[PDB]
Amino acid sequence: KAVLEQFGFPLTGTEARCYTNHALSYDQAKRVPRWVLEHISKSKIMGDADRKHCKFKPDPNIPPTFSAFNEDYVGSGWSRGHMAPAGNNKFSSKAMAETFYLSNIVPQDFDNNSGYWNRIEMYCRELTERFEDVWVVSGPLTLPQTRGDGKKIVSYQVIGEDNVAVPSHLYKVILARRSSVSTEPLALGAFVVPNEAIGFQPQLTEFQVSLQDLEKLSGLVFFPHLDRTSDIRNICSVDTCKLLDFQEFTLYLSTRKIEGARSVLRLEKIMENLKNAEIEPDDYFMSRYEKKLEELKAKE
């Protein structure tokens, strides 16, 4: 071993890298994370960290020769997709900024990012209403397709001068613990979604896969300390695996748009769109709406 190692073994750069509220293993060949692990709680998703102040940038800890850069993404047709989302880190502006390091980012379909994937992210945060602790591992996959001659082929686009790999699919593994002293079994689910637009017809359980199947697809072992001889419940049986429906999600998005409205006309438009979609505003929308109206009336 000494003779072989005389000038060192090759370095793969796969070591776990830690940040304020997430950790990841980076793929230096694909210029994306292999996996990103985070922990979510009630208190971490509250706070005044503001995603509007964050900017994407290369992770300063990655050797530049293996980093992606914003030039790889901008104008590629793909969005910069967070694996650990900014919204899980309202409690810390530093933790949020670190999710904008490109080590946390994959090329993601714009509609998937702002649609189905966002709804899954929101469900992960919703779980903290019912579980004290939630762990999530997120990452990309490049899965095979069978072509006309029966051969199975893995095909993926690489974008930019740095050849950043565009995944065919994205995965989440969700682990939830009711409390730190409860004897209730842990709840786990694994999900794989295609990196494309997905509407409201498929329920999250349609994308659920067995943990063992995802490990075989990804070449990873998730939560290895987790005792798999003990009883672990399917998260979609003990919990809901119910994403926000069109009305709830549209109301959510419309409420968010209030805070960026720069004129009274934009506000009324937001209201009229909601009314034309036959969605009634809830008390929270009306609170934010009326406060924004008064704010805009008091500004130049």
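Residue numbers run from 1 along the displayed sequence.
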item	value
Selected stretch [higher average CA B-factor]: 183 to 191 or 111 to 119	183 to 191
Stretch with the higher entry mean CA B-factor, where the candidates are 278 to 286 and 10 to 18	278 to 286
Given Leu37, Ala68, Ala49, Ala29, the residue at which the Cα B factor reaches its maximum	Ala49
Residue with maximal Cα B-factor (values as given in the PDB entry) among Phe100, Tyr73, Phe91, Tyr156	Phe91
Chain thirds of CA B-factor: placement of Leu226	highest
Third of the chain's Cα B-factor distribution that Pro33 belongs to, per the entry	lowest
Chain-wide C-alpha B factor ranking for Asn163, given as lowest, middle or highest third	lowest
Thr146 by Cα B-factor - lowest, middle or highest third of the modelled chain	middle
Third of the chain's Cα B-factor distribution that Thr128 belongs to, per the entry	middle
